[PDB]
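Comments concern the structure below.
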Amino acid sequence: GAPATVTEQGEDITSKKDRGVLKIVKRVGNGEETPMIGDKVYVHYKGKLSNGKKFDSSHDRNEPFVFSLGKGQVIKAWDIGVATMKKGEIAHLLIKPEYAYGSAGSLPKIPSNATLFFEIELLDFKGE
Ligand SMILES: COc1cc2cc(OC)c1OCCCCCOC(=O)[C@@H]1CCCCN1C(=O)[C@H]2C1CCCCC1
């Protein structure tokens, strides 16, 4: 389904071109502007492990997930991926462990060497 389509059709948005972060835009945003490092970013997301054993959604909390882009608050893949998004964009990201929780993982919630998948909606972003 959605993850395999990203394997197949996803754009590699890493600087190193190591397929560590793959993206498909599923619903296109508006505006030419993408978030700059430092911005306060507001999203909705659904995420899961590739092993199928954990799911997590911002909607579970009945509120947007807010974070400051590039300011160390989220996994590298998010800092990379959300910088590419436009206001109102929905994107799919498939993420190798090097851009998520690495060999150590984040136990017990994230195992070692975990691949992760996200659907992300960029709701808004405002300047520091
Ligand atoms: C809502 O709680 C979460 C959610 C994720 C991971 C977490 O800790 C590892 C976690 O507890 C700590 C708070 C979030 C820590 C950082 O999370 C992240 O960087 C990424 C991107 C922002 C949304 C959350 N997130 C996660 O890795 C989730 C994760 C939850 C398990 C299923 C796959 C996603």
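Quick note, the sequence shown lines up with residues 260 to 387 if you use the numbering used here.
Virtual Cβ for every residue (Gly too), placed ideally from N, Cα, C.
Sorting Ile334, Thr374, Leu328, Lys368 by C-alpha distance to the C-alpha of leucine 381 places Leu328 at the top. The beta carbon of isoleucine 369 sits closer than 6 Å to those of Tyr360, all from its chain and outside the five residues before and after it, given in chain order. Nearest to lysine 305 by C-alpha distance, out of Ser365, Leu281, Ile379, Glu387, is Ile379. Straight-line spacing of the CA atoms in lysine 276 and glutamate 270 works out to 10 Å. Remark: three or more beta-carbon pairs, one from each stretch, lie closer than 8 Å, so the stretch 286–305 and the stretch 341–358 are flagged as touching. Within a 10 Å sphere around the beta-carbon of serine 317 sit 16 or more other beta-carbons, which makes this residue buried.
Taking C-beta atoms as the reference points, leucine 281 and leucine 375 fail to come closer than 8 Å. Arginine 278 carries a coil assignment under DSSP once its states are collapsed to helix, strand and coil. Excluding residues up to 5 positions away in sequence, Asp271 lie with their Cβ nearer than 6 Å to the Cβ of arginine 278 in the same chain.
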